[PDB]
Amino acid sequence: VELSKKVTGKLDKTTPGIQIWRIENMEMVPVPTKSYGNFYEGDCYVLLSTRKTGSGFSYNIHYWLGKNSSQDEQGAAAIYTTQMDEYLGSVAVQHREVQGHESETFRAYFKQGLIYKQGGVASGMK
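Residue numbers (this note's numbering): 29 to 154.
Quick look at the structure:
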């Protein structure tokens, strides 16, 4: 929870790849490359692509909103993307995505196949 500090304070600064953040349990977590191939569908996943250039790296902070989390959850993943946008150095960008908006855009950053499991991993609700 709160990627900032343990995340926004050290995102991608020298590595070609994209990192996401699982908004499971209605919160957030640093999704590494060992699990960026299957993200629940009914949730939110903040992404952060980083490419190289003739000067530095071009970051891209996206916010996936698998229409399932509560309204605030949509403001939690999108807000985390707004905090890493200025913390990255203003070099990152902002993008919008959803369970029906991350079509070729999300798959675009993922050259393989994206999966979508269930949401609410607390199994303690209804």
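The beta-carbon is built from N, C-alpha and C at its ideal position, and this holds for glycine as well.
Alpha carbon to alpha carbon, what distance is there between residue j and residue i?
| i | j | result |
| --- | --- | --- |
| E52 | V149 | 7 Å |
| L76 | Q102 | 17 Å |
| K154 | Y64 | 28 Å |
| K34 | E132 | 30 Å |
| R135 | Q111 | 24 Å |
| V29 | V74 | 12 Å |
| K145 | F67 | 6 Å |
| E130 | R50 | 15 Å |
| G128 | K95 | 9 Å |
| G141 | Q122 | 23 Å |
| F85 | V119 | 8 Å |
| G147 | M54 | 9 Å |
| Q47 | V126 | 17 Å |
Can you tell me where the alpha helix (DSSP H) with residue i in it begins and where it stops?
| i | result |
| --- | --- |
| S131 | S131 to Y137 |
| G45 | Here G45 belongs to no alpha helix (DSSP H); instead the beta strand (DSSP E) covers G45 to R50. |
| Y115 | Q99 to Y115 |
| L31 | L31 to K34 |
Among the options, which has the Cα closest to the Cα of residue i?
| i | options | result |
| --- | --- | --- |
| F138 | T78, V121 and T109 | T78 |
| residue 21 | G37, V57, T61 and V29 | Residue 21 lies beyond the stretch modelled for the chain, which goes from 29 to 154, so this question has no answer here. |
| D71 | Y87, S97, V59 and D113 | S97 |
| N88 | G147, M54, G94 and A106 | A106 |
| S83 | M54, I143, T42 and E114 | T42 |
| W92 | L31, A104 and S86 | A104 |
| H90 | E55, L31, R124 and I46 | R124 |
| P58 | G152, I143, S151 and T109 | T109 |
| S32 | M54, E114, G147 and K80 | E114 |
| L39 | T81, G117 and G152 | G117 |
On the DSSP letters alone, give me the boundaries of the beta strand (DSSP E) that residue i sits inside.
| i | result |
| --- | --- |
| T78 | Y73 to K80 |
| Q122 | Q122 to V126 |
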